[PDB]
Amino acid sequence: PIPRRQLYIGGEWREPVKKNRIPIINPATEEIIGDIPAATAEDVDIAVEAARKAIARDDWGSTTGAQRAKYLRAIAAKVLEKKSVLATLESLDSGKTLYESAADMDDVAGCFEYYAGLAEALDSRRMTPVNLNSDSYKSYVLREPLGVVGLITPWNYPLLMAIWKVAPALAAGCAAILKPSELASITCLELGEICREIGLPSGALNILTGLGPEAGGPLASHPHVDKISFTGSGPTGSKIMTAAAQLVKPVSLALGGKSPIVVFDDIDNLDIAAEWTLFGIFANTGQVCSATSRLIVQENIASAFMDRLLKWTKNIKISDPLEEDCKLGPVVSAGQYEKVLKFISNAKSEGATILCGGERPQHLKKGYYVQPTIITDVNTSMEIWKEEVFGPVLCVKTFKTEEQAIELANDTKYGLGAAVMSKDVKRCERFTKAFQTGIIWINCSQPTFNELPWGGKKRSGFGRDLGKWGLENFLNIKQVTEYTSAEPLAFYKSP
């Protein structure tokens, strides 16, 4: 049962000014299952106005962190109450398996749980005295809500990616304007209903669905948006930051990757190593920012590892995401599907081997299904090696030495995550410093915790999500200097 909602502005459901709507497409069946509102510039001004009013009123602009946490704990409780419907809708809306969708629903409530406790602790650290080598000055640092924040998010983890920004923004005390992806907005709109259901103060959270240049764009060039927190592709981040530059507006950039997985011959279990290699590149149909999309395996175990990988890979169940025991679903859209398959075909033109998958599963007549693909005979000058595919596609390379492995791992414009599979501690530490990234996985690929800073360097962007970082991004920092002497400054001659 697909819901039909409006834009969530000022605590009420509000229709878009131009009355425009965009379809909801089912990636498993290529059918229109509904429609979402498509906001425009005028809608963004109404939502910024609603956000500014929330910041000026008492039930939001004057709340303690503890008061704000009561609300986040209540949003977590509704997510957990409706886990089954939300997980089904996230699945029907993004193509993600019901299992991953329910797993993202647990993660979402856990994120509000984390930011609830952090909002309660925020009241304590609001005032931080800093000792000085002065008998005339008194100093402290005042932490306060930054104000109006624009939250532009991607479709890969529709609710989860949004929540990474919503949970800390609200914890910090900001009034947010959430703009999710036009490919997966069902759960974000439902978040609006949860907020109505928990009585969240009006304008505290504003959810605006619609096209990126149409609804995301004006938020980036709005003179009353204190900050834009952006997650998505690099070319989009450029456009956003370029617009935010005109208004000297701060913007955070969480972008893509071509993260490497380095496996060395000293692995205790070839079956556990291959299972992590699968999860790092085929979970979420490969549509993961930190996906370990380049496998740099040692020549020694390369022969053994590839056999187990492909055995495990050919075992991945590709079916309808709502089905029982499904391990792989379709990609999000038709445009994504073609781009992904164009990458597989471009690897053929260039001279690479398609050792596994690469074609459409013969049993699924409808939907954007791509077989999990493992490509070999890959050189550094190839687009497959060079660029983020965002499909269940893995390219493979061999090495002999540590130096060779480092060299290959860092031969990328990206710098999000990296995984190092080895039993040698000091080699795992060497890789910890050599990896020109923001995330290092030791003896796994992909698990994260709220308590940790998420982000990259190079073409993967700047800024850190999660941890205390994710909350501090939405805090304005005040220097409070007080002069405590009766004595005059002594600079300037007295009349």
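One-based numbering along the sequence shown.
On average the C-alpha atoms of 303 to 311 have higher B-factors than those of the other stretch, with 303 to 311 and 227 to 235 being the two compared.
As recorded in the PDB entry, 421 to 429 is the stretch of 249 to 257 and 421 to 429 with the greater mean C-alpha temperature factor. Across the options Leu178, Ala204, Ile272, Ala184, the residue with the most elevated CA B-factor in the record is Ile272. Per the PDB entry, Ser134 shows the highest C-alpha temperature factor of the residues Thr292, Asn156, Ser134, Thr373. In the PDB entry, a CA B factor belonging to the lowest third of its chain's modelled residues is recorded for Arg459. Among all modelled residues in this chain, the alpha-carbon of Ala56 has a temperature factor (C-alpha) in the highest third. Per-chain ranking of the deposited C-alpha B factor places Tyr71 in the middle third.
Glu383: CA B factor lies in the middle third for its chain, per the PDB record. Remark: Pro447 belongs to the middle third of its chain, ranked by C-alpha B-factor as recorded.
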